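Visitor: Can you look at this? It's an experimental structure, sequence on top.
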Amino acid sequence: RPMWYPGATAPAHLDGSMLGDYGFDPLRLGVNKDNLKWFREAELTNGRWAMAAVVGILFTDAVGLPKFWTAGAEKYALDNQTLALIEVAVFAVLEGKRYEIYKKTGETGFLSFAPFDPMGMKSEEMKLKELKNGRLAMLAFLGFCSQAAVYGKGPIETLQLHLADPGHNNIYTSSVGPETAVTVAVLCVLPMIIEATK
Amino acid sequence: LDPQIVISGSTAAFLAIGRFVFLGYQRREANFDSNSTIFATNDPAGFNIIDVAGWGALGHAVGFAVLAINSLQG
Amino acid sequence: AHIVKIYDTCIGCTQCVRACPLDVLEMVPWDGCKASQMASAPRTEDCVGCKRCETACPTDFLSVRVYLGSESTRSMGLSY
Amino acid sequence: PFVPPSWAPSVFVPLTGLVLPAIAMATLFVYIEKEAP
Amino acid sequence: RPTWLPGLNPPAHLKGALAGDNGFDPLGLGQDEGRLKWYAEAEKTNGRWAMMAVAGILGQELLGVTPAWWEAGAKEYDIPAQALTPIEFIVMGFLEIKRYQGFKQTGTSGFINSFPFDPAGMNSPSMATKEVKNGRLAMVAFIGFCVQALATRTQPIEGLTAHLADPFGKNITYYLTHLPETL
Amino acid sequence: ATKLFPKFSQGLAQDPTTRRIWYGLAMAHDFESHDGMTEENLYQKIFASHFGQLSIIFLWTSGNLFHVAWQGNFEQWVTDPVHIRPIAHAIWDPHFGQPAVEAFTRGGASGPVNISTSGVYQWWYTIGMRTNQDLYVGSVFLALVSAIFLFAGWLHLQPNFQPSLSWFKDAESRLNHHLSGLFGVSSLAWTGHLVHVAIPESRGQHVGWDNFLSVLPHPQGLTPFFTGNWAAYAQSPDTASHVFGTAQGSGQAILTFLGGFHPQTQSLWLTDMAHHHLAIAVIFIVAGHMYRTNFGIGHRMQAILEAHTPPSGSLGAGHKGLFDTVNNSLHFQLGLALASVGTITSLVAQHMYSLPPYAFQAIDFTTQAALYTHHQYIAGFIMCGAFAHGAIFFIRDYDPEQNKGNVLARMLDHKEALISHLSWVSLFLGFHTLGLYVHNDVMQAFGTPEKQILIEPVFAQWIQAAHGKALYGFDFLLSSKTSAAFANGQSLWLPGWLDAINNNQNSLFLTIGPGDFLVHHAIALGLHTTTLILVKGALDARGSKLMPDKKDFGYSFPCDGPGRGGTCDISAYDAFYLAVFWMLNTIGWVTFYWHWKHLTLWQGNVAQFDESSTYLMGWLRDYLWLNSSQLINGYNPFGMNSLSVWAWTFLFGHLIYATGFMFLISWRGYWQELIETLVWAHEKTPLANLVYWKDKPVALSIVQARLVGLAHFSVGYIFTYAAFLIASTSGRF
């Protein structure tokens, strides 16, 4: 059972019953058993949202459509006032039906279908793959927003620019260079800090 | 004024008064002053390395003060 | 709860017990004084700390002392 | 350079004045009234 | 067992079981065996880094590099110093955490997961004493290199040749007194 | 049920009222009163708290540096530090209207900013800061230092890093390292910075981390230091025509003792300050080798204390057992530290206004006034804390069996004499100072100013003459040209010092008269009365005739009830409580005197103070009413200016002070009955009784009420005076 660094120790409440366990809880926010399930469901839905959002942002830059941070300013074939009213009206019923699913079963669902799987490949390994991909997509979305904050342009453009000069084009040579360098050094020292005390 | 002569003379004078004059008084006051390292030395009077450093420090301070005052030309 | 203590200088005049507004003190038999009685505090959980018993004590210095301790619903005299 | 952007006060002053104190007050309020097991 | 000060008995906390134990501890930093063994490992690795540093400085001077050993940091290189720091910190953190965890399982040095990292044998207590002594000499030599470059502005071999050419001169007295002429 | 908060007190966690939260907040740092606390754990918690405090201090300093480098005008202030006001930070407030936006937009900035009054611009300019890059680098460095200190605090609580109780009691080692390293080595390093950076930067030569290894601080390069020819470092100093920051008129010396002030910056010479730090560094390092730690040589403080008893028995046992009662009591050490720090803070205020060390500091009147007032108020609060901790030591750590016959026990043996004499001195000073004031007021009211009593301060004027002032005409010591003391310093420091002290345009030994005499007696009255309250509370802390067993109730308790005539405010905490008011009154008198004398000095009319400081009506009209006209006009029906924030702060302080009077006058009982009626009202109201409280609402305790009232009183006092002082000094100049 690999941990979040070579030589970690579970904080007595992450024994491994949950999928994708690595003993990562320094703030100990999952000390409560009741909060662990809710936080897990929140992590799963945040991961699903980030997965769909990252795939959508990556697809818009390939075709040539407007950037993800400027797509809202574009004029569509509707009114923004009516869009917000419809969005909160549909999501009220959708989120209400999803919340009642978690109280009866404990996982996500769509509308009145708690185990929503028309094809049927709901396996234990598939649940962990969803969590891993969701975590990766959450970091990817944070990276998309951060790259657009300092460099702008776009994710695909950022990757293309990094290939031109990898030794000179990175987060360390950008406007947030020293902060991230100090943070990387502090993070690299952190496992030794935890292992020195234990 | 030769700095080497003044410093050497002051250090030698303080070491001499610390080894032949105030050694007994210092030993009597240090014992009555009541982890450690015993700095045992082969000196017949018990004058160890710590005493050498202390008396040499006093001699150096006196010598540099004398040199400084003489340098002020007053 | 507050801490109520009785000392051996008590003369058994029973003035502290009569002045207690929550029935904390009482009189027990004793042999150290002429009155053959001594004050006692067996119900300190109901003491509020008004110190009326200290005001009623005639010995110098006082034979009964009240030290304000932990506060609860009874010690704070709360009816709600 | 360490120079913050021009829009930095318009984001940090409302944050430190309303978002952070609300979160801190809510978390502290929940912690004060939590009952021991 | 000869000690550092003649006529001075070695301390009780210092026994000849260690490699370079010469009974030298006037400050008493190794009272307990736990801190003593940790400091022994610290001394060995400090000496290893100093040995590599002195060897690198001497090799750079012997091979005629353009900047001196105190100017190699500011020299232009591919993948600038701003980008070299995080890569070095990440790889060093991994290597050092593996070295530290291997030290807890067994009280010896290593390399990632080879504890002890001893290929081709050739290990003996005498070799350990030689390693500790060479490390101490390298540490003193590195500090000498730093102070020599500070007060004389000359590289190690250059300063040594300058001292050999004129022994009664070009020493600490001349360099400390003729400081404006050097700059 | 039992609540989690507070985790350190099980009795408070079982409290079902709102008093639990308040007491948990006010008893968080009283580690000695925590549940299951030992001595070793106590020292470890204090160690961690110390590291956290250092982290906060360094982060605050880095924040000030960062804001000055970002939203300030340091790059423009260094060019013209006489006509450019320093900028503290920018203002971003959505409540500001348009006139407030253009009103606060000043100092050359592009938006609303705050004009700094802390004097960090002059300090940073004097030590060598010139560009915003330097302040940015210093801010990042201090932030890293703060993070390191915070990590050290967290690390010293984990296992294998917690220091033992024996390590915390090594007084000899700690004192040796603090005198030699924390004091001597730090001063030596500061001398290195002044000699290497500040002095060359003041002469127009940039010396930074990129070129300090190739730039010589002196043209002779360490040769005179090693050869003993130290006088070579004092040759060719800065002339009288030297322009700060440029090479015009600059010299080559690095260690001088010219004395006096710089003719342009009106501040102490940088070479003199460097030489000062070098001398004190050598002295402190030498003093750091006095105690015996691990090498046989040195002293044992217990031996020196035990061998210091007079033979006639005038001091009884002398200082026997004083080493144990100090080393084993943290309140004794805290009281000694606070007493010394408070006195040093007062010393800093006096020396900083009289001998300005930073360039262009004397011209900044607002900075001088704010700095003096700030340090004097801080010193007063620290002094009150020193005496409060002395009382806490008497109650919690004093042992009469261990301190038998020594000076400590003898103090309590004759405490009545000390309290009575303090009372007599305070009574005499108050009666006479008030009588002379009322007499002068009646003489000024009846139209006979020549009939008021004006006692000339001949003793202080005699001291001023001894320092070199020839205005009074005593002509002795430094005032006489034929004295040995005068002739022995004419070649080292007396010329500059005499030229500076005989100048009536600075604050170096200002001219004094009868008004200064009277206000000095008022200051003496304040000091003696505050000392009387604090000393009486510390000596009567263990008991008195009214409460023979006061030590059995702790340092802070409400009272002993209405019996035995009444025992309100009988604890030592209440004595400190009453003494805070006297401290505020004393600091108010000293700051009022300082501000009025300096205002009349800066305005060019010292005769106004000399003729109006002898009666209280002059103080109320010519100083309080006259100088508050611009303050109260910050915002009026015709508009507002940049001074409206001080007017709002003035009214703010008045409101807080008055709010404090409520907790100070009305007591618990009335509020508890009112709260009970409110409880009934909430319980009997529909649509609102569905929401219930978790803690039972109760009135604030007697001790809590006193603390809350004093906090409001002090906050209102400080804010009101700060707003008035800054607004009057900035508007007038």
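Guide: Ah, there it is. Residues are numbered from 1 along each chain as shown, chains lettered A, B, ... in the order given.

Visitor: Could you check which helix or strand contains residue F:114?
Guide: In this assignment (DSSP states H and E), residue F:114 forms part of strand F:113-115.

Visitor: quick one: contacts of that strand?
Guide: F:71, F:85-91, F:104-107, F:730 (CB atoms under 8 Å, 6 or more residues apart in numbering or on different chains). (C-beta placed from N, C-alpha, C; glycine too.)

Visitor: Now for residue E:172, how many residues are close by?
Guide: By the criterion of other CB atoms under 10 Å in any protein chain shown, residue E:172 has 12 neighbours.

Visitor: For chain C, see how far away the closest residue to it other than its chain neighbours is.
Guide: Nearest non-adjacent residue to residue E:172, counting by CB to CB, 6 or more residues apart in numbering or on different chains: residue E:151, 7.6 Å away. Plainly put, residue E:151 is 70 Å away from chain C if you go by CB to the nearest CB, to the nearest Å.

Visitor: My guess is residue E:151 contacts residue E:176. True?
Guide: Yes. The criterion here is CB atoms under 8 Å, and residue E:151 meets it with residue E:176 at 6.4 Å.

Visitor: Residue F:542 - how many residues pack around it?
Guide: Here the number of neighbours of residue F:542 (other CB under 10 Å) works out to 20.

Visitor: Could you find the closest non-adjacent residue to it?
Guide: Taking CB to CB, 6+ apart, and ignoring the residues beside it in sequence, residue F:542 has residue F:551 as its nearest neighbour in space, at 4.4 Å.

Visitor: what sits against the one you found?
Guide: F:394-395, F:541-543.

Visitor: In helices, which of the residues you listed appear?
Guide: Among the contacts of residue F:551, the residues falling in helices (DSSP state H) are F:394-395.

Visitor: quick one: which of the contacts of residue F:551 is nearest residue B:58?
Guide: residue F:394 (42.4 Å; CB to CB).

Visitor: If we ignore the residues flanking it in sequence, what's nearest that closest one?
Guide: Closest to residue F:394 by CB to CB, 6+ apart is residue F:541, at 4.6 Å.

Visitor: do residue F:430 as well
Guide: residue F:525 (5.2 Å).

Visitor: where does that neighbour fall, helix, sheet strand or coil?
Guide: helix (DSSP: H, G, I helix; E, B strand; the rest coil).

Visitor: any idea how far the spatially most central residue of chain C lies from residue C:63?
Guide: Closest residue to the average C-alpha location of chain C: residue C:25 at 4.8 Å, with CA atoms, centre = their mean. Distance of residue C:25 to residue C:63, computed by CB to CB, to the nearest Å: 11 Å.

Visitor: Spit out the residues that contact the two alike.
Guide: C:6, C:16, C:39.

Visitor: I'd like to know how many residues surround the first one.
Guide: This points to residue C:6. 17.

Visitor: Excluding residues flanking it in the chain, which one is nearest it?
Guide: Using CB to CB, 6+ apart, the nearest residue to residue C:6 is residue C:39, at 4.7 Å.

Visitor: ok, whatever residue of chain F ends up closest to chain B - contacts?
Guide: Closest approach between chain F and chain B, counting by CB to the nearest CB: residue F:228, at 3.0 Å. Neighbouring residues of residue F:228 by CB under 8 Å, 6+ apart: B:1, B:3, B:6-7, B:64, B:67-68, B:70-71.

Visitor: which residue sits closest to the residue of chain A found nearest chain F, ignoring its sequence neighbours?
Guide: Residue of chain A nearest chain F, by CB to the nearest CB: residue A:197 (3.8 Å). In this structure, residue A:197 finds its nearest non-sequential neighbour in residue F:158, 3.8 Å apart by CB to CB, 6+ apart.

Visitor: cool, residue F:382 as well?
Guide: That would be residue F:342: by CB to CB, 6+ apart, it lies 3.7 Å from residue F:382.

Visitor: Would you mind listing the outside residues contacting the host helix or strand of the one you found?
Guide: Assessed by DSSP H and E, residue F:342 sits inside helix F:330-354. Helix F:330-354 has contacts (CB under 8 Å, 6+ apart) with F:42, F:46, F:325-326, F:368, F:371-372, F:375-376, F:378-380, F:382-383, F:385-387, F:389-390, F:392-393, F:396-397, F:507-509, F:594, F:598.

Visitor: so how far is it off the chain centroid?
Guide: Relative to its chain's centre, helix F:330-354 lies at 7 Å (CA atoms, centre = their mean, to the nearest Å).

Visitor: buried residues in it?
Guide: F:330-332, F:334-335, F:338-339, F:341-342, F:345-346, F:348-349, F:352-353 (16 or more other CB atoms under 10 Å in any protein chain shown).

Visitor: I'd assumed residue F:289 was in contact with residue F:184.
Guide: No. Counting by CB under 8 Å, residue F:184 stays clear of residue F:289, with 10.1 Å between them.

Visitor: Enumerate every residue touching the single nearest residue of chain B relative to chain F.
Guide: Of all residues in chain B, residue B:67 sits closest to chain F, at 3.0 Å by CB to the nearest CB. For residue B:67, the contacting residues are B:1, B:3, B:6-7, F:227-230, by CB under 8 Å, 6+ apart.

Visitor: Tell me who's in contact with residue 7.
Guide: Using chain A. Neighbouring residues of residue A:7 by CB under 8 Å, 6+ apart: A:191, A:195, E:97, E:101.

Visitor: that's the wrong chain, I meant chain F
Guide: residue F:13.

Visitor: Report the secondary structure state of it.
Guide: Per three-state DSSP, residue F:7 ends up coil.

Visitor: Kindly list the main-chain dihedrals of it?
Guide: phi -70, psi -20 (degrees, to the nearest 10).

Visitor: Name the residues of stretch B:10-19 that are buried.
Guide: Those would be B:10-11, B:14-15, B:18-19, for stretch B:10-19 by 16+ other CB under 10 Å.

Visitor: I would like the residues contacting that stretch, please.
Guide: Residues outside stretch B:10-19 that contact it (CB under 8 Å, 6+ apart) are B:26, B:45, B:47, B:51-52, B:54-56, B:58-60, B:62-63, B:66.

Visitor: ok, the residue of chain D found nearest chain F to residue F:93 distance?
Guide: Per CB to the nearest CB, residue D:9 is where chain D lies closest to chain F, at 3.8 Å. According to CB to CB, residue D:9 stands 10 Å off from residue F:93.

Visitor: out of those two, which sits in the more crowded spot?
Guide: residue D:9 (17 against 12).

Visitor: How about the contacts made by residue 31?
Guide: All of this refers to chain A. Taking CB under 8 Å, 6+ apart as the contact definition, residue A:31 lies against residue A:13.

Visitor: meant chain F actually
Guide: Residues F:37, F:42, F:45-46 are the ones in contact with residue F:31 under the rule CB under 8 Å, 6+ apart.

Visitor: one more time with 10 Å, if that's ok
Guide: By CB atoms under 10 Å, 6 or more residues apart in numbering or on different chains, the contact list for residue F:31 reads F:8, F:37, F:41-46, F:49, F:330.
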